[PDB]
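Engineer: Protein chains in written order, with the deposited numbering: chain A, 262 to 406; chain B, 264 to 448; chain C, 352 to 401; chain D, 4 to 51; chain E, 4 to 351; chain F, 4 to 351.
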Amino acid sequence: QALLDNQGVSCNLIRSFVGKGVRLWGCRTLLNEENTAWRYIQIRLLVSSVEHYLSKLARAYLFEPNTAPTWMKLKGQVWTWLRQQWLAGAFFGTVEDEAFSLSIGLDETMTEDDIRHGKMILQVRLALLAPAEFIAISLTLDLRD
Amino acid sequence: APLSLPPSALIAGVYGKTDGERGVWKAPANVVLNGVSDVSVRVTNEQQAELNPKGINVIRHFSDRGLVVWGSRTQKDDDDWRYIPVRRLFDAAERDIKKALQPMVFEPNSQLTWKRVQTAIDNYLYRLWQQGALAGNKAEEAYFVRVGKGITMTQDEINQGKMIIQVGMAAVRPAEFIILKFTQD
Amino acid sequence: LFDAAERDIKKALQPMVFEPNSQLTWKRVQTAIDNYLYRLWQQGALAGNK
Amino acid sequence: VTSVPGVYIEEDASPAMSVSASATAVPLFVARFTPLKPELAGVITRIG
Amino acid sequence: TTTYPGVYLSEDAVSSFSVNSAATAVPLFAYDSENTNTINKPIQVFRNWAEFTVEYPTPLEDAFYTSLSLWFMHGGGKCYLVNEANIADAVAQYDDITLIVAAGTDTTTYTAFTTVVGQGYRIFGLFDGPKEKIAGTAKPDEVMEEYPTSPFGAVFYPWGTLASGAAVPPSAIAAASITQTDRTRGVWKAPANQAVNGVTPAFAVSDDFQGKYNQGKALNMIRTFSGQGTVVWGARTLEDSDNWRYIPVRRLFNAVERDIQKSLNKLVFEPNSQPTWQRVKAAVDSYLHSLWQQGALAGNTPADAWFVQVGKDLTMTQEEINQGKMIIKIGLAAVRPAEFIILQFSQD
Amino acid sequence: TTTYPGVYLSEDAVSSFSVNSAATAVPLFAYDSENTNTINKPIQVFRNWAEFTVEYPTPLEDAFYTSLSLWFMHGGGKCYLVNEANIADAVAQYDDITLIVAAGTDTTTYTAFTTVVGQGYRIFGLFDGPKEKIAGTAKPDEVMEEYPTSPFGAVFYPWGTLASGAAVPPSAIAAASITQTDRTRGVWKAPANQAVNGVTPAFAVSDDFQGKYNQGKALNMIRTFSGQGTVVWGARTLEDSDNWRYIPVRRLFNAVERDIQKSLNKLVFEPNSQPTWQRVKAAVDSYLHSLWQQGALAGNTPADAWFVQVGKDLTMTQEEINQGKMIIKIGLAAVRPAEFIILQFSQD
């Protein structure tokens with residue numbers, strides 16, 4: 262009955278069930294916290310592989326020129342790729358527009374200073390799913406005469 | 264036996280995280296010290312009231328989140344600079360424009376040089392304004408950089424070659440002492 | 352009628368008997384007396400017209 | 004009044020008042036009686 | 004910085020917030036430190052019936068034993084039990100305590116109660132009625148001044164004597180009504196018609212001795228009826244004030260802010276900027292609006308049923324921004340309990 | 004200087020300034036020099052209830068032990084405790100004293116009170132009353148010449164008795180009413196109708212014995228009503244002049260200057276020129292405008308409520324500028340309590 266004090270950081274409990282096997286019973290990171298989307302360990306790790314996937318193609322576009330058409334070349338790619346992935350149900354939202362959003366542009370990410378610093382900058386948006394952890398049942402008899 | 268340590272070493276590293284994601288203009292208080300057992304002497308709230316004037320800061324201990332730094336006030340207490348970020352915002356904005364005016368330090372003092380300098384300073388505070396670091400409203404009133412000859416100068420200090428850059432900002436203050444004051448209506 | 356209308360307002364001004372004599376106290380008292388005679392008017396006890 | 008930064012809580016207090024009516028009834032009678040207990044000799048007593 | 008050529012990366016920095024709701028009933032129980040048939044550890048930190056029974060398999064008849072029996076008969080929660088000497092201490096520690104019972108302990112209790120409200124820690128205590136049988140012929144107020152006035156408390160006279168066992172202070176008994184109130188529905192609902200089980204009042208009180216003590220202060224006797232049996236009865240704080248009568252509307256604001264004041268502790272040392280200010284406003288109103296659409300607070304067009312205001316000069320002007328201070332303010336429409344019922348006929 | 008070529012930079016010389024609010028309540032108490040069950044240290048500093056218990060483990064019966072236990076129980080804060088021979092030293096050092104109360108000392112206390120008034124330290128004491136039972140047959144004046152006539156202080160007669168323990172001197176009862184007043188709603192409101200808890204007066208005074216002691220001097224009885232109980236009653240200082248009555252209008256002027264005098268210590272030796280005169284004038288009225296919206300000082304068109312003026316020939320002409328003097332004058336009209344409420348009926 263100790264560690265039930267939620268003043269120190271969270272755990273992952275493991276429980277042996279009766280009519281089914283020993284079921285895993287914890288996924289909520291040691292950010293012992295209610296609002297940051299950095300509990301729910303799969304959320305931490307889903308982004309990181311996409312980070313790995315976008316770094317996978319970032320080094321391809323390495324010594325580019327700073328032109329707006331050259332931005333558009335990447336802009337088709339990610340819009341292509343994550344669309345599938347949101348349509349693979351990996352992401353939130355019933356439209357793609359609320360799924361992921363891109364914001365590279367002239368002073369939307371960059372400026373001429375970063376053009377003459379050769380920076381190549383993009384803003385990456387994503388809305389978030391959630392697992393359905395708990396069962397808040399309410400009943401209503403509804404007399405019916 | 265555990266050895267004591269003056270905290271001026273590990274408090275330098277916590278300034279390296281705040282300028283990473285949040286920037287310079289955020290006071291480091293809610294940042295959590297990463298890896299320590301306990302403070303040497305336990306301070307309480309009734310002598311926090313005495314030590315928060317004559318401004319010196321304090322390492323606090325909390326039950327739920329552990330040790331945390333607390334207070335972001337500098338030494339001398341006029342309303343000019345009482346806060347760490349308002350001091351460190353003017354200290355970093357000067358060092359970036361002073362390093363790039365050093366290539367142009369012997370150019371002639373005509374009028375086309377004046378409008379080229381006044382613009383490159385204008386496009387530096389505007390980028391810094393629209394990322395939430397100058398406490399101005401939706402007007403322009405955060406900078407008044409002027410370099411003219413009728414304004415801000417006159418003829419006789421041109422002969423002892425000078426330039427005058429009157430520039431001024433309006434920094435943002437940290438929000439402490441949040442007061443609710445509920446009412447009935 | 353005058354004997355009962357005085358005894359109800361005198362009993363409730365007794366909690367506010369040492370408050371400052373500024374202007375925001377004046378409009379709060381003048382209203383709580385206004386909403387007492389208006390309720391008593393519209394139930395047929397003050398002989399005034401419409 | 005405020006030294007430790009923290010967060011402070013505060014409410015607005017006011018004696019804001021309204022008036023409600025009582026009843027004009029329930030007198031007292033000062034006739035002679037015969038009480039049963041000696042503490043009922045000379046003190047006001049509520050009868051329901 | 005961007006030193007070597009290559010791929011650098013940034014992310015989102017800071018997010019929104021909302022409050023985390025409540026506990027609404029963490030009672031410490033008034034352990035008597037002089038008492039011996041018990042753990043002379045003053046503070047008992049108790050979770051449910053099980054560790055209680057491994058503590059007390061021993062059927063006592065002292066009121067705290069009858070309390071946690073009754074308390075955990077209604078479910079009950081992680082409820083504590085500190086002596087009459089260590090009230091303020093764990094309150095300064097445990098930051099959850101919502102309720103303060105009277106286990107027949109008054110003298111140092113009321114002082115320690117009025118001590119901490121002298122620093123105002125946002126709790127609702129509640130007291131015992133006097134022991135037995137006011138004659139009611141006279142003496143109408145001289146049974147009350149023994150209890151400190153506050154917007155925080157009531158006494159609940161009849162000493163629900165719990166005919167199974169020993170005479171139980173109705174501090175313990177009315178808490179069971181609350182225990183099946185928050186479990187039923189929240190705090191703004193008045194625990195005034197929850198009926199308790201197997202507890203008998205010592206006295207079947209009155210309607211008029213009831214009615215003549217409905218005013219002045221917060222007697223709030225607990226009367227058995229037909230249908231509803233041994234039910235709680237009457238809801239009113241100690242002052243009969245237009246701001247504070249009706250204990251849930253007091254307890255509403257007792258609960259309305261300890262979530263909020265807690266929640267925003269993470270949010271200090273922050274750049275006191277205009278886009279901060281609007282954003283802070285943006286989180287509360289919806290949580291209010293939910294709570295309004297919960298019907299916890301009264302009032303249509305709910306920005307009428309509250310208001311909210313924070314800015315640069317309507318609140319928190321220049322130099323105290325320069326002093327670091329921010330001030331905000333709200334005010335709101337709440338419900339009031341329909342305590343009284345009259346009804347009018349006409350033949351038209 | 005401009006010795007070598009390169010890039011120089013200067014910054015601003017002077018910045019803005021403003022005043023910080025207040026503390027409003029730091030009392031020092033009246034120890035007794037001949038007392039035995041105590042420490043021989045003259046000056047003690049107590050900050051809250053915690054160290055007071057570890058210093059004094061046993062409950063005593065002396066007048067100072069019953070006084071601090073009544074201060075902390077109604078909230079309270081940082082309070083001192085000095086012997087009755089060293090008030091004239093302790094006030095001149097600690098720079099935050101507001102109240103000089105008397106915990107059952109009269110003879111040698113009245114001399115040390117009027118001492119620190121003689122240097123003009125801007126302090127406000129408060130005294131005890133006579134011991135027991137003015138018979139009321141006669142003699143309205145002969146109980147009132149043993150009290151030093153000054154616009155600082157009151158007497159607070161009826162000697163509350165603290166039904167838990169022994170008697171309490173009424174300076175502690177009056178000092179507890181100020182603590183829950185300035186924390187609740189300002190200092191301009193009188194410690195007048197806020198109730199205290201746990202203290203009953205030993206006597207029942209009258210309705211009319213208040214009447215003959217309301218003129219001349221300011222007995223300010225402590226009287227218990229129905230409903231609200233054991234409340235203080237009457238806020239009047241020792242003189243009857245139309246400038247200095249009404250204890251809250253004294254403490255308003257007493258605390259509106261101890262924050263200006265504290266702030267202007269960093270503005271001396273500044274050049275007595277034109278940009279100084281338009282900066283102090285623009286910094287004082289920005290503090291009064293924050294004080295006018297809060298209801299402290301009454302008046303519409305807030306140019307009518309106060310005035311501030313500073314110049315070259317309206318005040319401080321040319322010859323006394325050459326001596327260095329910088330004289331100003333500000334004047335403001337505060338609020339006064341509505342001690343008497345008369346109401347007129349008519350027919351129209």
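Heads up, the beta-carbon is just placed ideally off N, CA and C, and yes, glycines get one too.
(1) Consult DSSP for residue 333(B) and reduce its assignment to one of helix, strand or coil.
(2) Taking the straight line between their C-alpha atoms, what separation do you get for residue 165(E) and residue 202(E)?
(3) May I ask you to verify whether the stretch 73–92 of chain E touches the stretch 18–30 of chain E, counting CB pairs closer than 8 Å and requiring at least 3?
(4) When you compare each of 280(E), 119(E) and 40(E) to residue 51(F) by their alpha carbons, which one comes out closest?
(5) Given this structure, state the Cα-to-Cα distance separating residue 210(F) from residue 99(E), to the nearest angstrom.
(6) Which of the residues in the stretch 40–59 of chain E, read from start to end, lie with their CB under 8 Å from any CB of chain A?
(7) Between 401(B), 418(B) and 426(B), which has its C-alpha nearest residue 409(B)'s C-alpha?
(8) Does the distance from the CB of residue 21(F) to the CB of residue 216(F) come in under 8 Å?
(9) Using the beta-carbon of each residue, which ones in chain C are nearer than 8 Å to residue 1(F)?
(10) For residue 57(E), count the other beta carbons within 10 Å of its own beta carbon; 16 or more makes it buried, fewer makes it exposed. Which is it?
(11) Assuming contact is defined by CB atoms lying nearer than 8 Å, are residue 133(F) and residue 241(F) in contact in what I supplied?
(12) So for residue 77(F), helix, strand or coil by DSSP?
(13) Would you verify that the beta carbon of residue 276(B) is, or is not, closer than 8 Å to some beta carbon of chain E?
(14) Can you list, in chain order, the residues of its chain whose CB lies under 7 Å from that of residue 36(F), leaving out five sequence neighbours each side?
(15) Kindly list the residues whose CB is nearer than 7 Å to the CB of residue 137(E), restricted to its own chain and excluding five residues on each side of it in sequence; keep chain order.
(16) Do we get a CB-CB distance below 8 Å when we pair residue 193(F) with the residues of chain D?
(17) So residue 230(E) packs on residue 280(E), CB below 8 Å; how close in whole Å?
(18) Over the uninterrupted alpha helix (DSSP H) stretch that includes residue 127(F), give me the two end residues.
(19) Less than 8 Å between the beta carbons of residue 69(F) and residue 208(F), yes or no?
(20) For residue 10(E), go through chain A and note every residue whose CB falls closer than 7 Å to its CB, in chain order.
(21) In the stretch 274–347 of chain B, which residue ranges form an unbroken beta strand (DSSP E) of at least 3 residues, counting only runs that do not cross its ends?
(22) Thinking residue 7(D) and residue 315(B) are a contact (beta carbons under 8 Å), I'd like their distance in whole angstroms, please.
(23) Once you ignore the five residues that flank residue 300(E) on each side, which residues in its own chain have a CB closer than 8 Å to its CB?
(24) If you run the structure through DSSP and keep just helix, strand and coil, what is residue 441(B)?
(25) Can you round the beta-carbon distance between residue 361(A) and residue 390(A) to whole angstroms, since I take them to be within the 8 Å contact cut?
(26) Would you decide whether residue 27(D) is buried or exposed? Buried here means 16 or more other CB atoms lie within 10 Å of its CB.
(27) For residue 364(C), which residues of its own chain have a beta-carbon under 8 Å away from its beta-carbon, when the five flanking residues on both sides are left out?
(28) Once you ignore the five residues that flank residue 64(F) on each side, which residues in its own chain have a CB closer than 6 Å to its CB?
(29) Applying the 10 Å Cβ sphere with the 16-neighbour rule, what's the burial state of residue 343(A)?
(30) Can you give me the C-alpha to C-alpha distance between residue 45(D) and residue 212(E), rounded to a whole angstrom?
(31) Taking DSSP as the reference, what is the three-state secondary structure of residue 342(A)?
(32) Going by beta-carbon coordinates alone, are residue 33(E) and residue 91(E) separated by less than 8 Å?
(33) Going by beta-carbon coordinates alone, are residue 101(F) and residue 30(F) separated by less than 8 Å?
(34) Would you mind telling me which residues of chain D sit closer than 7 Å to residue 446(B), beta carbon to beta carbon, in chain order?
(35) By Cβ distance below 6 Å, which residues in the same chain neighbour residue 220(E) in space, the five residues on each side in sequence not counted?
(36) Any C-beta of chain G sitting closer than 8 Å to the C-beta of residue 4(D)?
Structural biologist: By the coordinates alone:
(1) Mapped onto the second sequence, residue 333(B) falls at position 70. Residue state, collapsed to three classes: strand.
(2) As a working mapping, residue 165(E) is identified with position 162 in the fifth sequence. As a working mapping, residue 202(E) is identified with position 199 in the fifth sequence. When rounded, the distance between both Cα atoms is 4 Å.
(3) yes
(4) Counting from one through the sixth sequence, the residue named residue 51(F) turns up at place 48. Residue 119(E) is the option with its Cα nearest to residue 51(F).
(5) Position 207 of the sixth sequence, counted from the first residue, corresponds to residue 210(F). Position 96 of the fifth sequence, counted from the first residue, corresponds to residue 99(E). Using only the alpha carbons, I get a separation of about 46 Å.
(6) Cβ contacts with chain A come from 50 and 54.
(7) The residue labelled residue 409(B) in the question sits at position 146 within the second sequence. That would be 426(B), whose Cα lies nearest to the Cα of residue 409(B).
(8) Taking the sixth sequence and counting its residues from 1, one reaches residue 21(F) at position 18. Taking the sixth sequence and counting its residues from 1, one reaches residue 216(F) at position 213. No; because the gap between Cβ atoms is not below 8 Å, this pair is not in contact.
(9) Look at the range of chain F in this structure, 4 to 351, and you will see that residue 1(F) is not part of it.
(10) Here residue 57(E) is taken as the residue at index 54 of the fifth sequence, counted from 1. Only exposed fits residue 57(E), as fewer than 16 other CB atoms lie within 10 angstroms of its CB.
(11) As a position in the sixth sequence, residue 133(F) is number 130, starting the count at 1. As a position in the sixth sequence, residue 241(F) is number 238, starting the count at 1. No, the Cβ-Cβ distance between residue 133(F) and residue 241(F) is not below 8 Å.
(12) Position 74 of the sixth sequence, counted from the first residue, corresponds to residue 77(F). Of the three classes helix, strand and coil, the one that applies to residue 77(F) here is coil, per DSSP.
(13) Position 13 of the second sequence, counted from the first residue, corresponds to residue 276(B). No, because no Cβ of chain E sits closer than 8 Å to the Cβ of residue 276(B).
(14) The sequence position of residue 36(F) within the sixth sequence is 33, counting from 1. 86, 87 and 88.
(15) Taking the fifth sequence and counting its residues from 1, one reaches residue 137(E) at position 134. Closer than 7 Å at the Cβ level, and outside the excluded window around residue 137(E), lie 146.
(16) Mapped onto the sixth sequence, residue 193(F) falls at position 190. Not one chain D Cβ lies under 8 Å of residue 193(F).
(17) Taking the fifth sequence and counting its residues from 1, the one referred to as residue 230(E) is at position 227. Taking the fifth sequence and counting its residues from 1, the one referred to as residue 280(E) is at position 277. With a Cβ gap of about 53 Å, residue 230(E) and residue 280(E) do not count as contacting.
(18) On the sixth sequence, position 124 is the one that residue 127(F) refers to. Boundaries around residue 127(F) are those of the beta strand (DSSP E), 127–129, since no alpha helix (DSSP H) includes it.
(19) Locating residue 69(F) in the sixth sequence gives position 66, counting from the first residue. Locating residue 208(F) in the sixth sequence gives position 205, counting from the first residue. No, the Cβ-Cβ distance between residue 69(F) and residue 208(F) is not below 8 Å.
(20) Counting from one through the fifth sequence, the residue named residue 10(E) turns up at place 7. The contacting residues are 316, 319 and 320.
(21) 321–325 and 329–333
(22) Position 4 of the fourth sequence holds residue 7(D). Position 52 of the second sequence holds residue 315(B). At roughly 6 Å, the Cβ-Cβ gap stays under 8 Å, so residue 7(D) and residue 315(B) are in contact.
(23) Start at 1 with the first residue of the fifth sequence, and residue 300(E) comes out as number 297. Correct list, in chain order: 191, 255, 291, 294, 308, 309, 335, 336, 337 and 338.
(24) Position 178 of the second sequence, counted from the first residue, corresponds to residue 441(B). Residue 441(B) falls in the strand class under three-state DSSP.
(25) In the first sequence, the residue the question calls residue 361(A) occupies position 100. In the first sequence, the residue the question calls residue 390(A) occupies position 129. At roughly 13 Å, the Cβ-Cβ gap does not stay under 8 Å, so residue 361(A) and residue 390(A) are not in contact.
(26) By one-based count along the fourth sequence, residue 27(D) stands at place 24. By the 10 Å Cβ count, residue 27(D) comes out exposed.
(27) Sequence index remark: in the third sequence, residue 364(C) carries index 13 (1-based). Closer than 8 Å at the Cβ level, and outside the excluded window around residue 364(C), lie 380.
(28) As a working note, residue 64(F) is residue 61 in the sixth sequence. Closer than 6 Å at Cβ, skipping near neighbours: 169.
(29) Against the first sequence, residue 343(A) aligns to sequence position 82. Buried.
(30) Here residue 45(D) refers to the residue found at position 42 when the fourth sequence is read from its first residue. Here residue 212(E) refers to the residue found at position 209 when the fifth sequence is read from its first residue. Near 23 Å, if we compare the C-alpha coordinates of residue 212(E) and residue 45(D).
(31) Here residue 342(A) refers to the residue found at position 81 when the first sequence is read from its first residue. In this structure, residue 342(A) counts as helix in the three-state DSSP scheme.
(32) Along the fifth sequence, one-based indexing puts residue 33(E) at 30. Along the fifth sequence, one-based indexing puts residue 91(E) at 88. In this structure, residue 91(E) does not lie closer than 8 Å to residue 33(E) by Cβ.
(33) The count along the sixth sequence starts at 1 and reaches residue 101(F) at position 98. The count along the sixth sequence starts at 1 and reaches residue 30(F) at position 27. Closer than 8 Å, so yes.
(34) Taking the first residue of the second sequence as position 1, residue 446(B) is located at position 183. What residue 446(B) touches in chain D: 15.
(35) The residue you call residue 220(E) lines up with position 217 of the fifth sequence. Answer for residue 220(E): 147 and 241, listed in chain order.
(36) Considering every chain present, this structure includes no chain G. Its protein chains are A, B, C, D, E and F.
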